[PDB]
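Here's the structure we're looking at; comments come further down.
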Amino acid sequence: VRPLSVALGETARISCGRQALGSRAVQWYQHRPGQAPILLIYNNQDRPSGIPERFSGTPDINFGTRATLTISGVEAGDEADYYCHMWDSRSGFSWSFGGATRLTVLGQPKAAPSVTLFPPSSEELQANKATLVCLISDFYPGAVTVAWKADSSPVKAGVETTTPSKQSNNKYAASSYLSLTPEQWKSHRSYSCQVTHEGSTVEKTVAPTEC
Amino acid sequence: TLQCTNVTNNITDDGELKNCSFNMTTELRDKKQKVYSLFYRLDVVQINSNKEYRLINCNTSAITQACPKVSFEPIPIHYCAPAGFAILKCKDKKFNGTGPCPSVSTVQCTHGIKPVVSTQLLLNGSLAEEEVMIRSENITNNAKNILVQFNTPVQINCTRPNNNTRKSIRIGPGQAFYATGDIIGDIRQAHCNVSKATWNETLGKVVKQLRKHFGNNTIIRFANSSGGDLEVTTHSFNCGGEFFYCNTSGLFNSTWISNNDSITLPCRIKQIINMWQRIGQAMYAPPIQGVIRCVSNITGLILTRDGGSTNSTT
Amino acid sequence: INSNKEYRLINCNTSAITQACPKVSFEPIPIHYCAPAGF
Amino acid sequence: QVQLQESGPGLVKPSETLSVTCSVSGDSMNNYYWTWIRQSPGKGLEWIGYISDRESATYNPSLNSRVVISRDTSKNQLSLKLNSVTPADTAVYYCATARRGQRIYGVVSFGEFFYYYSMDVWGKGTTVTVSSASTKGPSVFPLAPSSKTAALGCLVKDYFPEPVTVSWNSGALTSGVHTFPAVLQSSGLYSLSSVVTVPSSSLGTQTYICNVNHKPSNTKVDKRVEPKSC
Ligand SMILES: *[C@@H]1O[C@H](CO[C@@H]2O[C@@H](C)[C@@H](O)[C@@H](O)[C@@H]2O)[C@@H](O[C@@H]2O[C@H](CO)[C@@H](O[C@@H]3O[C@H](CO[C@H]4O[C@H](CO)[C@@H](O)[C@H](O)[C@@H]4O[C@@H]4O[C@H](CO)[C@@H](O[C@@H]5O[C@H](CO)[C@H](O)[C@H](O)[C@H]5O)[C@H](O)[C@H]4NC(C)=O)[C@@H](O)[C@H](O[C@H]4O[C@H](CO)[C@@H](O)[C@H](O)[C@@H]4O[C@@H]4O[C@H](CO)[C@@H](O[C@@H]5O[C@H](CO)[C@H](O)[C@H](O)[C@H]5O)[C@H](O)[C@H]4NC(C)=O)[C@@H]3O)[C@H](O)[C@H]2NC(C)=O)[C@H](O)[C@H]1NC(C)=O
Ligand SMILES: *[C@@H]1O[C@H](CO)[C@@H](O[C@@H]2O[C@H](CO)[C@@H](O[C@@H]3O[C@H](CO[C@H]4O[C@H](CO[C@H]5O[C@H](CO)[C@@H](O)[C@H](O)[C@@H]5O[C@H]5O[C@H](CO)[C@@H](O)[C@H](O)[C@@H]5O)[C@@H](O)[C@H](O[C@H]5O[C@H](CO)[C@@H](O)[C@H](O)[C@@H]5O)[C@@H]4O)[C@@H](O)[C@H](O[C@H]4O[C@H](CO)[C@@H](O)[C@H](O)[C@@H]4O[C@H]4O[C@H](CO)[C@@H](O)[C@H](O)[C@@H]4O[C@H]4O[C@H](CO)[C@@H](O)[C@H](O)[C@@H]4O)[C@@H]3O)[C@H](O)[C@H]2NC(C)=O)[C@H](O)[C@H]1NC(C)=O
Ligand SMILES: *[C@@H]1O[C@H](CO)[C@@H](O[C@@H]2O[C@H](CO)[C@@H](O[C@@H]3O[C@H](CO[C@H]4O[C@H](CO)[C@@H](O)[C@H](O)[C@@H]4O[C@@H]4O[C@H](CO)[C@@H](O)[C@H](O)[C@H]4NC(C)=O)[C@@H](O)[C@H](O[C@H]4O[C@H](CO)[C@@H](O)[C@H](O)[C@@H]4O[C@@H]4O[C@H](CO)[C@@H](O)[C@H](O)[C@H]4NC(C)=O)[C@@H]3O)[C@H](O)[C@H]2NC(C)=O)[C@H](O)[C@H]1NC(C)=O
Ligand SMILES: *[C@@H]1O[C@H](CO)[C@@H](O[C@@H]2O[C@H](CO)[C@@H](O[C@@H]3O[C@H](CO[C@H]4O[C@H](CO[C@H]5O[C@H](CO)[C@@H](O)[C@H](O)[C@@H]5O)[C@@H](O)[C@H](O[C@H]5O[C@H](CO)[C@@H](O)[C@H](O)[C@@H]5O)[C@@H]4O)[C@@H](O)[C@H](O[C@H]4O[C@H](CO)[C@@H](O)[C@H](O)[C@@H]4O)[C@@H]3O)[C@H](O)[C@H]2NC(C)=O)[C@H](O)[C@H]1NC(C)=O
Ligand SMILES: *[C@@H]1O[C@H](CO[C@@H]2O[C@@H](C)[C@@H](O)[C@@H](O)[C@@H]2O)[C@@H](O[C@@H]2O[C@H](CO)[C@@H](O[C@@H]3O[C@H](CO[C@H]4O[C@H](CO)[C@@H](O)[C@H](O)[C@@H]4O)[C@@H](O)[C@H](O[C@H]4O[C@H](CO)[C@@H](O)[C@H](O)[C@@H]4O)[C@@H]3O)[C@H](O)[C@H]2NC(C)=O)[C@H](O)[C@H]1NC(C)=O
Ligand SMILES: *[C@@H]1O[C@H](CO)[C@@H](O[C@@H]2O[C@H](CO)[C@@H](O[C@@H]3O[C@H](CO[C@H]4O[C@H](CO)[C@@H](O)[C@H](O[C@H]5O[C@H](CO)[C@@H](O)[C@H](O)[C@@H]5O)[C@@H]4O)[C@@H](O)[C@H](O)[C@@H]3O)[C@H](O)[C@H]2NC(C)=O)[C@H](O)[C@H]1NC(C)=O
Ligand SMILES: *[C@@H]1O[C@H](CO)[C@@H](O[C@@H]2O[C@H](CO)[C@@H](O[C@@H]3O[C@H](CO)[C@@H](O)[C@H](O)[C@@H]3O)[C@H](O)[C@H]2NC(C)=O)[C@H](O)[C@H]1NC(C)=O
Ligand SMILES: *[C@@H]1O[C@H](CO)[C@@H](O[C@@H]2O[C@H](CO)[C@@H](O)[C@H](O)[C@H]2NC(C)=O)[C@H](O)[C@H]1NC(C)=O
Ligand SMILES: *[C@@H]1O[C@H](CO)[C@@H](O[C@@H]2O[C@H](CO)[C@@H](O)[C@H](O)[C@H]2NC(C)=O)[C@H](O)[C@H]1NC(C)=O
């Protein structure tokens, strides 16, 4: 993969992974994690209905210019992978779209993590299992640490922590599970999930003694 | 011995260009050279792991190469006569070339004559007047060639669309060889375009002139050639540095009796040329860099006839 | 050209070299240029 | 209004036949060309093959001819089959169409174009895990909310393999849903959680039915969420 990063409101341009051989039909493709791909440039400059005019590929002037996208007015929602599928007169059938340029658009404001801690369910406590679930949301950037506290003391025992991952809002989200039993969950006065973001901590504390 | 490969393309064939790696020599007599060049299939032949190839002239005639300074471009030439002699120009419009000439004028030099080295077609020459003139030494003999002269010149655009590279490799001192480099971009092939409209009308104006000498109303058929060397069976000529050999078929696909687009022809290029067939000495035409284009004006023709076949039929 | 250094002639990459055979000399010989009749 | 839908198995043992079916809708099947594409975790995109209006299938030689493609002119369904599956074959799959472009540079009579396929219409996709571990049913429990906008939901615990799908009120509850990732326990089993947002006063009047579906295990749980007895 080829790293690239552009600022906000600027103009970005993305070269092709391969190089032109013969006159070309350049198929530019875009991919977001978990979503489905979208065609932007087919036939080297051509654009479909419903695509922004900020995006312009490279025309065919007989070689010269390589295959390059041009994005005017770069925005925060422009972070994705990019593939240039080079169809040309020489390499023939192209069964690969080239490399991967993953764009990361910086310059975004900071948010604060939305954290909530949950006690085990009335039915789950009847299943002889207690999993402390700590959920985090709406924080830019995605740096977050989930710590478990038994009363005032840290718990490293049975800590199942997921990775903060981008949401649809261009912010991350992270879940954590303290692998435990209905006994250890009720054994301490207050169980505190520590979620720290950008030096500030949003900590939700569940006490079994409070309805 | 040449180690060559079918040229790089994505299938859809059934080549003719080869990436040819061979061990060569340098200006320093001891050290040698390992080089690659791209050759048309007509200049080489194979010999019987990957197939090996060798040049076509190796078993015939000592090969030279016309140095790139000298060109092949036909330059108009006026042949002249000395004192005590002169040249006579026969100017009468309808003239079959034999018998007496009504219009006799004397000059000391001819008009501009490009010594066009070409076959099957005449380019850039003189035009006839009024009817298109039919000239033959003897028309009862099919073997004797028959020549025609147009009153209307015909346009043709000949191109080598490939963008060539010329690799100059040092065989010296003072010697050197200009090879062919890899094509830059699209792989195309040579061709020449001719208007189909003026063409169809040309054959109509011609067929009306044949019906003065042959029949008042008869049938006239055109068909492609018979056989012989490639210099005959195809159309040879130099287009700017290079000698093109073209397939002429669809021009002559016709049958005529009594009462908007254009055409295109395939072409091939050959560098090694023995032209005028003289053995013991060949020649190599260095490749010209890039897309070649030459525009020609067709002033003349050469034809032969068939045989008894069926009595007064076609 | 780039153990002991190796060398090569200067004309090898330029022009085919000959040698004036030792019989023929280079000695300048006085020459009188002359003109024909009518001149 | 051409649209598409997939179907996954969700789990397969190694060296077994894997089947996926893409449903065609909104238009006919003889107007355009069809294709499928997959991607493995950690790796990039990989092309597979295509099939045309005359139904002849074409494949990528990198697949060792282990792929077979068939449409259905009646069903409006595009099927797929794969045998000889390996642990590295766990991936996510899609289906799409192909507009057949022909990029002409020179004279068309000489074959001086080529055939370039530009993709236009796409599809959703499913998930399959190739693993030798037996399937494990999800443990569904209705996490009870607190009393003090609030939060409730249901738990999905100790299931193998993915995917597990959750919904609220059989599709009557939309805005405010936040699902969270499924951790990988050291035993090779996952656990996930989901949450939905409502106004403060909905509690006890609106019945919240969490519908859990683990398709690999065929586990469909309609479990309801109710507040704590306190
Ligand atoms: C150009 O040219 C060039 C040349 O040059 C020239 O010359 C000079 C002089 C000058 O003049 C210049 O100028 C010129 O030009 C060319 O090239 C060439 O060619 C040729 C042809 O022929 C070739 O030859 C060949 O040789 C061979 C030998 O081999 C060896 O050696 C060599 C040299 O030395 C080398 O090269 C090779 O390679 C080898 O060696 C080896 O190798 C390997 C591989 O590669 C290696 O290994 C490696 O190692 C590494 C480390 O180090 C790593 O590990 C890697 O991985 C690996 O791989 C090694 O090392 C090496 N070694 C050394 C170096 O030492 C031979 O062989 C061949 O032969 C063959 O065939 C033939 C026919 O043809 C025959 O006759 C023979 O015999 C053979 O065969 C064989 O046989 C045998 C028996 O006898 C057998 O054996 C057996 O086996 C079995 C099993 O199987 C068992 O074991 C038994 O026991 C046994 O016995 C076998 O098998 C067989 N095989 C077969 C295949 O068959 C040949 O002769 C050469 O080489 C080349 N080169 C050079 C010289 O350099 C070109 O081409 C041109 N071009 C054009 C013309 O164009
Ligand atoms: C002797 O005679 C020989 C035989 O006559 C002769 O051979 C001829 O040689 C010439 C070259 O000199 C060849 O000319 C080429 O023609 C190509 C084909 O052009 C036709 O089709 C295109 C594409 O149009 C699409 O959409 C239209 C309408 O919507 C459809 O009708 C088409 O089918 C096609 O549909 C697409 O989508 C379909 C559905 O998916 C697909 O199924 C389909 O395959 C397609 O993908 C039209 O644009 C053309 O119009 C042009 O020509 C007409 C006159 O005919 C003009 O009026 C008009 O102004 C245009 O000039 C035509 O209908 C051309 O593609 C090719 O030009 C491209 O390649 C050359 C060479 O590399 C480049 O230099 C040039 O820049 C071109 O690339 C641009 O345009 C192409 C167009 O497809 C794009 O694909 C490409 O990405 C790039 O576009 C981008 O940049 C452009 C500016 O650079 C910009 O304008 C674009 O918007 C975009 O940004 C070239 O013209 C010719 O084919 C030979 N054969 C014949 C029969 O003529 C020989 O030369 C003669 N020799 C002599 C000496 O006389
Ligand atoms: C066979 O086919 C070949 C391909 O068609 C053809 O050769 C091709 O020739 C063209 C130019 O004729 C060449 O294209 C560009 O060449 C640039 C350098 O050439 C200069 O100077 C030469 C003199 O030797 C002139 O002949 C050229 O015209 C050009 O002059 C400049 O032209 C511009 C055009 O407006 C004028 O504004 C200038 O004033 C003028 N200067 C003068 C006269 O002094 C070369 O720099 C180009 O490369 C750049 O663009 C490429 C893509 O188009 C990029 O891939 C490459 O990275 C370069 O990007 C540039 O990078 C710079 C610094 O990073 C930036 O500042 C530029 O903004 C940026 N430009 C772009 C557009 O991105 C370019 O190559 C072809 O390269 C050349 N092709 C080959 C394969 O040789 C042959 O002639 C054909 N043969 C025959 C016999 O016909
Ligand atoms: C000058 O121009 C010419 C033309 O441009 C050129 O190139 C040659 O072009 C011709 C094009 O036709 C080449 O192909 C030949 O085609 C022959 C015809 O076969 C067709 O018809 C068959 C039946 O015809 C019936 O009617 C005819 C006419 O009345 C009659 O002769 C027949 O006897 C018969 O009654 C038909 O069978 C055949 O195929 C059918 O069946 C097959 C079964 O397999 C099926 O698969 C097909 O789908 C189809 O249904 C076809 O439809 C053919 O007979 C001929 O082959 C014979 O002769 C050649 C040459 O003598 C032998 O080599 C060969 O072994 C056979 O005996 C041939 O295929 C011809 O090939 C081109 N030339 C060359 C060399 O390849 C010249 O090159 C041009 N020259 C220049 C300098 O430009
Ligand atoms: C001169 O060349 C003509 C072809 O040149 C075309 O145009 C040039 C510019 C090039 O691009 C070249 O590649 C093109 O092909 C040539 O005319 C062509 O003749 C063939 C048949 O000889 C036509 O094919 C179809 O023929 C059948 C009948 O053939 C049967 O009987 C014959 C014997 O008489 C047998 O030999 C055959 O095996 C068959 O058994 C027709 O029924 C059919 O007509 C139908 O389809 C066409 C379109 O393809 C329609 O227009 C009609 O209305 C019918 O629906 C074909 O005619 C081929 O089509 C035809 N081309 C053209 C453009 O007409 C011509 O024969 C050459 N002249 C001479 C003297 O050789
Ligand atoms: C195919 O090619 C042939 C031959 O090339 C064309 O046939 C005719 O060619 C003759 C000349 O061979 C032209 O007829 C006369 O040409 C006279 C000579 O003209 C040259 O010398 C003049 C005085 O020294 C000079 O002024 C003149 O320049 C003129 O043309 C220049 C471009 O060539 C231009 O830059 C100048 O400004 C100026 O216009 C020439 O160097 C000339 O004195 C006569 O007036 C007359 O033109 C015919 O016109 C040619 N055409 C025809 C139809 O007869 C033939 O046309 C070509 N056919 C096709 C289809 O292209
Ligand atoms: C590129 O080089 C290859 C080297 O072989 C050439 O391939 C050869 O192509 C001919 C066709 O002209 C093949 O002959 C065919 O054999 C089949 C099977 O018996 C027969 O059914 C056909 O009628 C025909 O005779 C030949 O086998 C094939 N060589 C090999 C090793 O398979 C190819 O032609 C070269 N390309 C060019 C443009 O020369
Ligand atoms: C060429 O044209 C001439 C007329 O200009 C033909 O006429 C011949 O003229 C000669 C005079 O030298 C006579 O002896 C012949 O008897 C004439 N023959 C005819 C048929 O008229 C001459 O025949 C023509 N030649 C050709 C080959 O057509
Ligand atoms: C051959 O090419 C020449 C140009 O290289 C063509 O000339 C053009 O002819 C048209 C009329 O048909 C004129 O309108 C143009 O102005 C001409 N251009 C030039 C540059 O002269 C000619 O038509 C071509 N002929 C064929 C048969 O292709």
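Order determines the names: the first chain of the structure tokens is A, the second B, and so forth; residues in each chain are numbered 1 upward, and ligands are numbered 1 upward as they are shown.
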
* Can you check which residues of chain D DSSP gives as strand (DSSP E or B) on the backbone and send them as a PyMOL selection string? => chain D and resi 3-5+11-12+18-25+33-39+45-51+57-59+67-72+77-82+91-93+96-104+113-118+126-130+136+139-141+151-160+165-168+178-184+190-197+203+206+208-214+219-221+224-225

Contact check, chain B to ligand 8, at most 8 Å, counting only C-alpha atoms and all ligand atoms, closest pairs as a Markdown table:
```
| residue | atom | partner | partner_atom_place_in_ligand_line | distance |
| --- | --- | --- | --- | --- |
| B:95 | CA | ligand 8 | 5 (O) | 6.6 |
| B:96 | CA | ligand 8 | 1 (C) | 4.9 |
| B:97 | CA | ligand 8 | 1 (C) | 6.4 |
| B:98 | CA | ligand 8 | 1 (C) | 4.7 |
| B:99 | CA | ligand 8 | 12 (O) | 4.3 |
| B:100 | CA | ligand 8 | 12 (O) | 5.2 |
| B:101 | CA | ligand 8 | 5 (O) | 6.7 |
| B:102 | CA | ligand 8 | 5 (O) | 7.9 |
| B:135 | CA | ligand 8 | 28 (O) | 7.2 |
| B:136 | CA | ligand 8 | 27 (C) | 5.8 |
| B:137 | CA | ligand 8 | 27 (C) | 5.4 |
| B:138 | CA | ligand 8 | 27 (C) | 5.0 |
| B:139 | CA | ligand 8 | 27 (C) | 6.3 |
```

Residues as selected, C-alpha atoms, written as a short mmCIF file (atom, residue, chain, number, x, y, z; two decimals), in the first residue's frame, can you do that?
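Result file follows (part_23.cif):
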```cif
data_model
loop_
_atom_site.label_atom_id
_atom_site.label_comp_id
_atom_site.auth_asym_id
_atom_site.auth_seq_id
_atom_site.Cartn_x
_atom_site.Cartn_y
_atom_site.Cartn_z
CA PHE B 95 -2.00 8.77 -78.55
CA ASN B 96 -1.49 5.03 -78.17
CA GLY B 97 2.31 5.29 -78.17
CA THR B 98 2.83 3.33 -81.40
CA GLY B 99 2.53 4.27 -85.06
CA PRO B 100 3.03 7.84 -86.26
CA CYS B 101 2.70 10.82 -83.94
CA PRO B 102 0.64 13.76 -85.27
CA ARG B 135 -1.28 2.24 -74.55
CA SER B 136 0.11 -1.21 -75.33
CA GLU B 137 2.85 -2.40 -77.66
CA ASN B 138 0.69 -5.32 -78.79
CA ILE B 139 -2.69 -5.99 -77.19
#
```

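Minimum atom-to-atom distance to chain A, evaluated using only C-alpha atoms, belongs to D:187 out of D:30, D:187, D:65, D:52.
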
* Expected selection as a PyMOL selection string for ligand 3 within 7 Å, only C-alpha atoms and all ligand atoms -> (chain A and resi 62-66) or (chain B and resi 163-164+184+289-291)

Please identify the alpha helix (DSSP H) residues within range 141-216 of chain B (assignment by DSSP from backbone atoms) and present them as a short mmCIF file (atom, residue, chain, number, x, y, z; two decimals) with N, CA, C and O atoms, in the first residue's frame.
```cif
data_model
loop_
_atom_site.label_atom_id
_atom_site.label_comp_id
_atom_site.auth_asym_id
_atom_site.auth_seq_id
_atom_site.Cartn_x
_atom_site.Cartn_y
_atom_site.Cartn_z
N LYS B 196 -13.31 5.81 -52.18
CA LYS B 196 -14.08 4.81 -52.92
C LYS B 196 -14.96 5.44 -53.99
O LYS B 196 -15.28 4.79 -54.99
N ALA B 197 -15.34 6.71 -53.81
CA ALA B 197 -16.27 7.35 -54.74
C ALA B 197 -15.59 7.64 -56.07
O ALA B 197 -16.00 7.11 -57.12
N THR B 198 -14.56 8.48 -56.06
CA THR B 198 -13.78 8.72 -57.27
C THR B 198 -13.21 7.43 -57.83
O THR B 198 -12.95 7.33 -59.03
N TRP B 199 -13.00 6.42 -56.97
CA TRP B 199 -12.54 5.13 -57.45
C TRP B 199 -13.59 4.45 -58.32
O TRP B 199 -13.30 4.03 -59.45
N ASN B 200 -14.82 4.33 -57.81
CA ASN B 200 -15.89 3.72 -58.58
C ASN B 200 -16.13 4.47 -59.89
O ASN B 200 -16.34 3.85 -60.94
N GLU B 201 -16.08 5.80 -59.85
CA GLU B 201 -16.23 6.58 -61.08
C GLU B 201 -15.04 6.41 -62.01
O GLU B 201 -15.21 6.44 -63.23
N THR B 202 -13.84 6.23 -61.45
CA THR B 202 -12.68 5.97 -62.29
C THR B 202 -12.86 4.69 -63.09
O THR B 202 -12.54 4.65 -64.28
N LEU B 203 -13.38 3.64 -62.46
CA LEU B 203 -13.57 2.37 -63.16
C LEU B 203 -14.70 2.48 -64.19
O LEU B 203 -14.68 1.78 -65.20
N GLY B 204 -15.66 3.37 -63.95
CA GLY B 204 -16.70 3.62 -64.93
C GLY B 204 -16.19 4.38 -66.14
O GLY B 204 -16.49 4.03 -67.28
N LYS B 205 -15.41 5.44 -65.90
CA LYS B 205 -14.79 6.17 -67.00
C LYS B 205 -13.78 5.31 -67.75
O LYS B 205 -13.58 5.49 -68.96
N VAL B 206 -13.14 4.37 -67.06
CA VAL B 206 -12.20 3.47 -67.72
C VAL B 206 -12.94 2.45 -68.57
O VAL B 206 -12.61 2.24 -69.74
N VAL B 207 -13.97 1.82 -68.00
CA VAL B 207 -14.68 0.76 -68.71
C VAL B 207 -15.38 1.29 -69.96
O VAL B 207 -15.61 0.53 -70.91
N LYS B 208 -15.70 2.59 -70.00
CA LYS B 208 -16.22 3.17 -71.23
C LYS B 208 -15.13 3.32 -72.29
O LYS B 208 -15.42 3.30 -73.49
N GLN B 209 -13.88 3.47 -71.86
CA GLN B 209 -12.77 3.58 -72.80
C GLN B 209 -12.32 2.22 -73.33
O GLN B 209 -11.81 2.14 -74.45
N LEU B 210 -12.50 1.16 -72.54
CA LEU B 210 -12.16 -0.17 -73.02
C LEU B 210 -13.13 -0.65 -74.09
O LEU B 210 -12.75 -1.40 -74.99
N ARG B 211 -14.39 -0.22 -74.00
CA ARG B 211 -15.42 -0.59 -74.97
C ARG B 211 -15.26 0.12 -76.30
O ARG B 211 -16.08 -0.09 -77.20
N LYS B 212 -14.27 1.00 -76.46
CA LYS B 212 -13.90 1.39 -77.81
C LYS B 212 -12.99 0.36 -78.45
O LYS B 212 -13.17 0.00 -79.62
N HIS B 213 -12.01 -0.14 -77.70
CA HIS B 213 -11.09 -1.14 -78.22
C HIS B 213 -11.63 -2.57 -78.12
O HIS B 213 -11.29 -3.41 -78.95
#
```

* To do: Counting only C-alpha atoms, figure out which residue out of A:174, A:67, A:21, A:180 gets nearest to chain D.
  => A:174

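The closest residue to ligand 2, picked from D:203, D:104, D:80, D:221 and counting only C-alpha atoms and all ligand atoms, is D:104.
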
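Using only C-alpha atoms for every distance, the candidate list D:19, D:134, D:205, D:109 yields D:109 as the residue closest to chain B.
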
Taking only C-alpha atoms into account, which residues of chain C are within 10 Å of chain B, as an mmCIF file with N, CA, C and O atoms, in the first residue's frame?
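Dumped everything to iface-v3.cif:
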```cif
data_model
loop_
_atom_site.group_PDB
_atom_site.id
_atom_site.type_symbol
_atom_site.label_atom_id
_atom_site.label_comp_id
_atom_site.auth_asym_id
_atom_site.auth_seq_id
_atom_site.Cartn_x
_atom_site.Cartn_y
_atom_site.Cartn_z
ATOM 1 N N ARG C 8 43.188 1.533 -25.007
ATOM 2 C CA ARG C 8 42.663 1.273 -26.340
ATOM 3 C C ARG C 8 42.950 2.490 -27.213
ATOM 4 O O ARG C 8 43.217 3.584 -26.710
ATOM 5 N N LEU C 9 42.924 2.286 -28.529
ATOM 6 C CA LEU C 9 43.253 3.365 -29.451
ATOM 7 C C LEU C 9 42.193 4.465 -29.415
ATOM 8 O O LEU C 9 41.042 4.253 -29.024
ATOM 9 N N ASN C 11 41.037 6.304 -32.058
ATOM 10 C CA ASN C 11 40.163 6.369 -33.225
ATOM 11 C C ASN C 11 39.105 5.276 -33.245
ATOM 12 O O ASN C 11 38.251 5.285 -34.139
ATOM 13 N N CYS C 12 39.151 4.337 -32.297
ATOM 14 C CA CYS C 12 38.321 3.140 -32.395
ATOM 15 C C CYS C 12 36.844 3.484 -32.401
ATOM 16 O O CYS C 12 36.049 2.836 -33.090
ATOM 17 N N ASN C 13 36.459 4.509 -31.661
ATOM 18 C CA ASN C 13 35.064 4.894 -31.612
ATOM 19 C C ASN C 13 34.713 5.973 -32.626
ATOM 20 O O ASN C 13 33.584 6.477 -32.615
ATOM 21 N N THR C 14 35.644 6.329 -33.504
ATOM 22 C CA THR C 14 35.342 7.362 -34.484
ATOM 23 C C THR C 14 35.398 6.844 -35.909
ATOM 24 O O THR C 14 34.355 6.640 -36.548
ATOM 25 N N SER C 15 36.608 6.607 -36.415
ATOM 26 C CA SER C 15 36.829 6.424 -37.842
ATOM 27 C C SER C 15 37.689 5.203 -38.120
ATOM 28 O O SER C 15 38.630 4.910 -37.378
ATOM 29 N N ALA C 16 37.365 4.508 -39.212
ATOM 30 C CA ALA C 16 38.166 3.381 -39.664
ATOM 31 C C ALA C 16 39.593 3.830 -39.934
ATOM 32 O O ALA C 16 39.831 4.773 -40.695
ATOM 33 N N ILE C 17 40.543 3.141 -39.316
ATOM 34 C CA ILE C 17 41.945 3.536 -39.339
ATOM 35 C C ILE C 17 42.669 2.732 -40.407
ATOM 36 O O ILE C 17 42.483 1.514 -40.519
#
```

* Given 10 Å and only C-alpha atoms and all ligand atoms, residues near ligand 9 as a ChimeraX atom specification -> /B:154-158,192-198,261-264,293-296

With 6 Å as the cut-off and only C-alpha atoms and all ligand atoms counted, what is the closest atom pair between each nearby residue of chain D and ligand 2? Distances in Å to one decimal, ordered by chain and number, as JSON lines.
```
{"residue": "D:99", "atom": "CA", "partner": "ligand 2", "partner_atom_place_in_ligand_line": "40 (O)", "distance": 5.7}
{"residue": "D:100", "atom": "CA", "partner": "ligand 2", "partner_atom_place_in_ligand_line": "40 (O)", "distance": 5.4}
{"residue": "D:101", "atom": "CA", "partner": "ligand 2", "partner_atom_place_in_ligand_line": "41 (C)", "distance": 4.0}
{"residue": "D:102", "atom": "CA", "partner": "ligand 2", "partner_atom_place_in_ligand_line": "44 (O)", "distance": 3.2}
{"residue": "D:103", "atom": "CA", "partner": "ligand 2", "partner_atom_place_in_ligand_line": "85 (O)", "distance": 5.4}
{"residue": "D:104", "atom": "CA", "partner": "ligand 2", "partner_atom_place_in_ligand_line": "17 (C)", "distance": 4.4}
{"residue": "D:105", "atom": "CA", "partner": "ligand 2", "partner_atom_place_in_ligand_line": "71 (C)", "distance": 4.0}
{"residue": "D:106", "atom": "CA", "partner": "ligand 2", "partner_atom_place_in_ligand_line": "13 (C)", "distance": 4.2}
{"residue": "D:107", "atom": "CA", "partner": "ligand 2", "partner_atom_place_in_ligand_line": "105 (C)", "distance": 3.5}
{"residue": "D:108", "atom": "CA", "partner": "ligand 2", "partner_atom_place_in_ligand_line": "106 (N)", "distance": 5.3}
```

Residues of chain A at most 6 Å from chain D: nearest atom pair and distance in Å, only C-alpha atoms, as JSON lines:
```
{"residue": "A:87", "atom": "CA", "partner": "D:116", "partner_atom": "CA", "distance": 5.8}
{"residue": "A:95", "atom": "CA", "partner": "D:47", "partner_atom": "CA", "distance": 5.8}
{"residue": "A:121", "atom": "CA", "partner": "D:143", "partner_atom": "CA", "distance": 4.2}
{"residue": "A:123", "atom": "CA", "partner": "D:141", "partner_atom": "CA", "distance": 5.8}
{"residue": "A:124", "atom": "CA", "partner": "D:141", "partner_atom": "CA", "distance": 5.4}
{"residue": "A:162", "atom": "CA", "partner": "D:183", "partner_atom": "CA", "distance": 5.5}
{"residue": "A:175", "atom": "CA", "partner": "D:180", "partner_atom": "CA", "distance": 5.9}
{"residue": "A:211", "atom": "CA", "partner": "D:147", "partner_atom": "CA", "distance": 5.8}
```

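By chain and then residue number, the residues within 12 Å of residue 34 in chain A are residues 80, 81, 165, 166, 167 and 168 of chain A; 39, 41, 92, 93, 94, 124, 125, 126 and 127 of chain D, counting only C-alpha atoms and disregarding those fewer than 5 positions away in sequence.
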
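For ligand 5, the neighbouring protein, DNA and RNA residues, which are those within 6 Å when only C-alpha atoms and all ligand atoms are counted, are residues 253, 254 and 255 of chain B.
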